[PDB]
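Note that the numbering runs from 1 along the sequence shown for the chain. Values below: all heavy atoms of this structure, side chains included; hydrogens, waters and symmetry mates excluded.
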Amino acid sequence: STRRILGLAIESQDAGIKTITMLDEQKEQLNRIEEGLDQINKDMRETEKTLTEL
């Protein structure tokens with residue numbers, strides 16, 4: 001079964017790589033979201049302020 005164990009270890013490594021690739025892809029997406037939030041709070045900051053001058 002060492003041959004099977006070896007085959008599986010090799011396949012598991014590719015799985016680890018896909019996993020890491022998926023998180024990295026998940027990271028950029030979170031980056032887009034977070035800053036995306038930082039864009040809304042901007043308007044939402046002065047918006048309540050513009051109301052004040054109304």
Determine all donor-acceptor pairs shorter than 3.5 Å in which one atom belongs to a side chain in residues 18-26; sequence neighbours excluded.
{"residue": "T19", "atom": "OG1", "partner": "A15", "partner atom": "O", "Å": "2.7"}
{"residue": "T21", "atom": "OG1", "partner": "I17", "partner atom": "O", "Å": "3.0"}

With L54 via side-chain contact (heavy atoms from CB on, under 4.5 Å) - residues at least two apart: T50, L51
Pairs touching residues 33-49 that satisfy side chain to side chain donor-acceptor pair (under 3.5 Å), sequence neighbours left out: none
I'd like a table of donor-acceptor pairs (distance under 3.5 Å, sequence neighbours excluded) in which one partner is a side-chain atom from residues 6-13, with atom names and distances.
none

Run the side-chain contact (heavy atoms from CB on, under 4.5 Å) test against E28 and tell me which residues pass, sequence neighbours left out. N31, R32
